[PDB]
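Beneath this line is the structure, given in structure tokens, with notes to follow.
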Amino acid sequence: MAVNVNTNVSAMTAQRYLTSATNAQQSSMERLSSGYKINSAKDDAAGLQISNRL
Amino acid sequence: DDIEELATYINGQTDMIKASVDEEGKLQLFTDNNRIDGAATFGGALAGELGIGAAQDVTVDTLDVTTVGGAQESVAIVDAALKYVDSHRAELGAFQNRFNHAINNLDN
Amino acid sequence: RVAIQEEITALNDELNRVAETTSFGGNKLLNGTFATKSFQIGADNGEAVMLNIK
Amino acid sequence: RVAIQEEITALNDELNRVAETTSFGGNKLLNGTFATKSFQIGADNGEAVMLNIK
Amino acid sequence: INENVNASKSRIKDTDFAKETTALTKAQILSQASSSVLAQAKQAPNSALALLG
């Protein structure tokens, strides 16, 4: 195909899955410390409203 | 059978039709557009007992969920959308494989 | 019997108030305004179970 | 016995619901609509093994 | 009057040990849990350097 040096598609794909792996891992390590799985509206917008009312 | 359990019965009997109850017993019959083109005709004593209803066209754009009735409708619409999207994904997939065997063939 | 009637009509207000205060976050469980509410407990649509609180 | 009957008819709806809910991706395992299905478990064709769910 | 006002001067000022001890015990779990999270969080930069020696 292209045994080149300017583009590393395999490295880019590993880059993307590394980003998605530690984005969810960064989402964790804070539900454990806070003790809540709902601490920002981005986790569950519907859950935040009902949880606050409760 | 009460009104809600009847909806579950219809879903189990066939995958061609998705049924649900909105707020008072009204059935929200659904019809996937990509495979069940054309209007659906209702018959039988139960159909006369209930309302036949008109054929209303709904897509994801008009998909709204503010009451439980639209919520049961919405999952039906999304399921049809997902099937259409996945099927078209397979079309690209077969296009890719036809081309992978094309590349190594042309090299031969 | 007048004293007992005072206690009876006092507890009567409790029966009415408890039917008006049981809320669960802005709802009304025992008011009778809680109509037939269907709980979607199925993976797909339609597979729900209705519950009525008189 | 009336109260027990309300319990029996409650669980009776559960038996019917679970028969019509167990799906495995759009199928119907326990509804009886699942007829004899043959699973190809060999290299060549035709020597499948039939399975029926009543 | 003194008996009843002393009862009034409780659950207003005087704490019950029931919910206060459970709150204290619970708070210890969060303190221990978060402190252990620092242990797995300090090593996140360590893994960053691991890709290139």
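Identifiers for the structure tokens are assigned positionally: chains receive A, B, ... in sequence, residues are indexed from 1 per chain, and ligands are indexed from 1 in the order shown.
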Quiz item: Once you count only C-alpha atoms, which residues of chain A turn out to be within 8 Å of chain C? Could you give them as a ChimeraX atom specification?
Solution: /A:50,53-54
Based on the selection just made, write N, CA and C atoms of those residues as a PDB file, in the first residue's frame.
ATOM      1  N   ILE A  50     -34.794  14.647  38.444  1.00  0.00           N
ATOM      2  CA  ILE A  50     -35.565  13.842  39.384  1.00  0.00           C
ATOM      3  C   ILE A  50     -34.777  13.621  40.669  1.00  0.00           C
ATOM      4  N   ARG A  53     -35.007  16.766  42.770  1.00  0.00           N
ATOM      5  CA  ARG A  53     -36.327  16.858  43.383  1.00  0.00           C
ATOM      6  C   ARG A  53     -36.455  15.894  44.554  1.00  0.00           C
ATOM      7  N   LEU A  54     -35.955  14.668  44.390  1.00  0.00           N
ATOM      8  CA  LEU A  54     -35.983  13.704  45.483  1.00  0.00           C
ATOM      9  C   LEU A  54     -35.121  14.168  46.647  1.00  0.00           C
TER      10      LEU A  54
END
Quiz item: Excluding same-chain residues fewer than 4 positions from residue 39 in chain C, what lies within 10 Å of it counting only C-alpha atoms, as a ChimeraX atom specification?
Solution: /B:68 /C:46-51
Produce a table with one row for each residue of chain E that has an atom at most 12 Å from any atom of chain A, each row naming the nearest atom pair and its distance in Å at one decimal; use only C-alpha atoms; arrange rows by chain and rising residue number; format as a tab-separated table.
residue	atom	partner	partner_atom	distance
E:26	CA	A:35	CA	10.8
E:27	CA	A:35	CA	10.7
E:28	CA	A:33	CA	11.9
E:29	CA	A:33	CA	9.7
E:30	CA	A:33	CA	6.5
E:31	CA	A:33	CA	8.2
E:32	CA	A:33	CA	8.9
E:33	CA	A:33	CA	5.9
E:34	CA	A:33	CA	4.3
E:35	CA	A:33	CA	8.1
E:36	CA	A:33	CA	8.7
E:37	CA	A:29	CA	6.2
E:38	CA	A:29	CA	8.8
E:39	CA	A:29	CA	10.4
E:40	CA	A:29	CA	8.2
E:41	CA	A:29	CA	7.6
E:42	CA	A:29	CA	11.4
E:44	CA	A:22	CA	9.5
E:45	CA	A:22	CA	11.9
E:47	CA	A:22	CA	11.2
E:48	CA	A:18	CA	11.0
E:51	CA	A:18	CA	11.8
Report as a Markdown table the residues of chain D within 9 Å of chain C, each with its shortest atom pair and distance in Å (one decimal), using only C-alpha atoms, ordered by chain and increasing residue number.
| residue | atom | partner | partner_atom | distance |
| --- | --- | --- | --- | --- |
| D:17 | CA | C:47 | CA | 7.6 |
| D:20 | CA | C:47 | CA | 8.4 |
| D:21 | CA | C:42 | CA | 6.9 |
| D:23 | CA | C:43 | CA | 8.8 |
| D:26 | CA | C:44 | CA | 8.7 |
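Here CA of residue 26 in chain B and CA of residue 51 in chain B stand 8.0 Å from one another.
Counting only C-alpha atoms and comparing B:33, B:74, B:14, B:100, the residue that lies closest to chain C is B:74.
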Within 12 Å of chain A: each chain B residue with its shortest pair, only C-alpha atoms, as JSON lines:
{"residue": "B:100", "atom": "CA", "partner": "A:1", "partner_atom": "CA", "distance": 11.9}
{"residue": "B:103", "atom": "CA", "partner": "A:1", "partner_atom": "CA", "distance": 10.2}
{"residue": "B:104", "atom": "CA", "partner": "A:1", "partner_atom": "CA", "distance": 10.9}
{"residue": "B:107", "atom": "CA", "partner": "A:1", "partner_atom": "CA", "distance": 11.4}
